[PDB]
């Protein structure tokens, strides 16, 4: 059970009518850990139920919003032992054991889509890999013009479990990114309709505060109705099915020969080196742009 007085991965503060959910592992690029979806969904529910909250603002401390997945469950399918056993390469694995695990990460992230009140994600720096599985669920994404946004583990070791790229970008632009693992800038993300605006990084915080203040100025009842109305169209696109099959695919990506070889490199040399070997050949390692 989440303890609001001892949160592990993020902070919560209500200022006037804005509930601020702020990731708090800056030293690790706010990388996603087992408590991340639990804390996110609990805090989103708390904001939903607080009559003084009109809007939820999600952001991260440090150099970027979120770098993706980090490299009481005993006797459950989610136990560390069960999951580790299910990642051995030389024995048959169980994709449904994997599904039960990864679908619950996505379930927690999807709180930003299915909650009653408006959600805003502010992206500075980078929002890559699993970070996008969080961000794309938000109602409004506002990104620094120079932010790096995409899903590089398409190259090896993941398929976006949230399954939202086609819903947020359309077929052609989603395929452009998922067939390459390439990232786009925040500026491109606004041009492509992934973000609602892309202020220069110096103006990001001010434009974000401006956006959330305008939303918070609206009555809660009006906001909830607008969201229900818009979500009828969104969910009718088959979002639930995209997320299910993508979560299955993500488990497959982590268990193919390619996926195991990436993990073997990370085990031997660290995740940083594994990521370097993945991206340096493509010219976009680090904060580098992919020139889409």
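Residue numbers count along the first chain shown, from 1.
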{"property": "Missing residues, deposited sequence, between residue 202 and residue 203 (class: none, 1 to 3, 4 to 9, 10 or more)", "result": "none"}
{"property": "Of 206-214 and 128-136, the one with larger mean CA B-factor", "result": "206-214"}
{"property": "Of 224-232 and 45-53, the stretch whose C-alpha atoms average the higher B-factor in the entry", "result": "45-53"}
{"property": "Top Cα B factor in the deposited entry, candidates 184, 141, 85, 102", "result": "85"}
{"property": "Peak C-alpha temperature factor (PDB record), options 193, 89, 118, 219", "result": "89"}
{"property": "Within-chain third of residue 251 by Cα B-factor, per the entry", "result": "lowest"}
{"property": "Ranked C-alpha temperature factor of residue 198 among modelled chain residues, by third", "result": "middle"}
{"property": "Lowest, middle or highest third - CA B-factor, residue 76", "result": "highest"}
{"property": "Chain-relative CA temperature factor third for residue 33", "result": "highest"}
{"property": "Third assignment of residue 244 from its chain's C-alpha B-factors", "result": "lowest"}
